[PDB]
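Starting off, we have a lone chain in the form deposited in one PDB entry, written out as structure tokens.
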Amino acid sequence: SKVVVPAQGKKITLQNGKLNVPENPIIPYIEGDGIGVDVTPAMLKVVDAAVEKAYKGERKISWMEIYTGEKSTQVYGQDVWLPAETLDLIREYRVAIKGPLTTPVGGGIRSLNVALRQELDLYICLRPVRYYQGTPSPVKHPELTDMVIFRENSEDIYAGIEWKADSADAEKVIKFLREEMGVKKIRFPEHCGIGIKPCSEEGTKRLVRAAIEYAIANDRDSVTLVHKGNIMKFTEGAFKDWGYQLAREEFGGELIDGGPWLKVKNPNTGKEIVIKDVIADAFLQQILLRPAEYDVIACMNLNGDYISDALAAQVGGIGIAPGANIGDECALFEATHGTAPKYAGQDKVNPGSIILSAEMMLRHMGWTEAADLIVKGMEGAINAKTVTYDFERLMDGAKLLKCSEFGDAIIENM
């Protein structure tokens, strides 16, 4: 209604579990608030150059701007932070990409990023982190990290089910818990905020299924379920048990030794994938002390959030980390950093996160050649030490480029 659909261009189609991508597909993109205004132009330009180069003019993306966040209020009026038609158009066109998003405080509005994930049921938050050679790192051996995070997006304490301390609601559920359920374990029931943490069998088996499938499809070496199940036995501990059950039941997993670990034989390469688990606080230690031991990671919402952020900091990628939210019906790729408003408009932040999320978008579309050209350009620009301000402070002998110029340096190294 305020989105103008491209006169040239055709919709991507879902023909039962498989995307049928035209040569001129319409992709919705949400520009983003703050530095979204800088990074999103850089990404439309390097993706267009990559499909122009890979398919020699045969394929072209028809970009369609849709709205969410601060820009949606400037287009539809001060009150609409998430238009109902963004949800519809992402549902419809099947794959979209977005920049960083401002959620307001003061108006009872919960996280717009989490709102897109939950409203469209994009239950997989897929976070690849690997080291790009030559980026400045805080750790001695960042090249040892090559992990892919499958983070559950629809349950956990992130579902936003909670009531304020002293609210009627809170008093009511605390009354129910003490009187009807007989819980004598809340230390101070007065002036007490309550949050609910749900974890279901359908919710964890659909994420774990995707993670092992990823491992079979890319011959990864192992799937690690991370959980804090020694203290949270019926949510986090249920996650690890339903995860192992699904690897036994659906993937024909077998005990290594006398357990608990399983082996899944990859029906294509013949190799064995280890399904193992590790407690989430020892895992935060293990990614720093033995990163080469881990590969594909499956975990719940909160932990997945912490794990990816922590891993992206050790490889030097806080600003170049890609991300996707995938459901059965559509996928939304995204810059995983913030709106950074101090820099907005100055053309200086790193466009690397949304550009590498656009390669994940291309790869997902089946446009592998265009997608390999972007990570080829990326490696080259960083190796050329022809870099953005955030990488040049930490590097000696680098050449400082603006946001837009690092975009052309990715195209030059293609």
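In this text, residue numbers run from 1 along the sequence as written.
Only in words, not in the display: the form deposited in another entry, which the text now covers.
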Whereabouts is the hinge between the shown form and the other one, that is, which of 94, 40, 124, 227 sits where one rigid part meets the other?
124
Closer or farther: how do the Cα atoms of residue 115 and residue 301 compare in that other deposited form relative to this form, given a change of at least 3 Å?
farther
Direction of Cα pair change residue 365-residue 215 in that other deposited form, magnitude 3 angstroms or more:
closer
